[PDB]
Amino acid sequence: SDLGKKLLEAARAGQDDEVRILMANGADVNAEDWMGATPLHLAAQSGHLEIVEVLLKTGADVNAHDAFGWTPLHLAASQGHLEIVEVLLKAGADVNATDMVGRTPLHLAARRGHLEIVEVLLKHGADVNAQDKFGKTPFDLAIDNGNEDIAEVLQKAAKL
């Protein structure tokens, strides 16, 4: 609980050595804060790859959802952290997991303009036709945000 609180913020801040000490001293790797974020969520969101790999190696739940439904893959796709996206997928992250608004990681990558992430999620079986609670596909979010290259790629993937 107490070390868990410290682990969350050391993961967010990229404090590799502190993460390691906290885990060796028994910090709960799946500790949650007020919004259900776990250390893996915060490391994946803030782009700290080594810490993501350490947490995965010592039992972090790769498919944990926070209070908003976001999984660590949602957060890394949204924030554009490609290597972390790949490690999470390799650790078994659900490529088509959905959040509170029905969005998948591909929705968020398209909304945020992250073409490399879009291309990698597609090659790992992301659902181009998934519809969020607003009735929007990833293609719709690419158009809404003026991301024409992502939109063209998503079109080609839907066609074939």
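Note that residue numbering follows the sequence shown and begins at 1.
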Comparing 44 to 52 with 129 to 137, the one whose average Cα B-factor in the PDB entry is higher: 129 to 137
Of 1 to 9 and 150 to 158, the stretch whose C-alpha atoms average the higher B-factor in the entry: 1 to 9
Top residue by Cα temperature factor, when 100, 120, 27, 109 are compared in the entry: 100
Top Cα B factor in the deposited entry, candidates 113, 105, 39, 92: 92
Where the record places residue 34 (Cα B-factor, split into thirds across the chain): highest
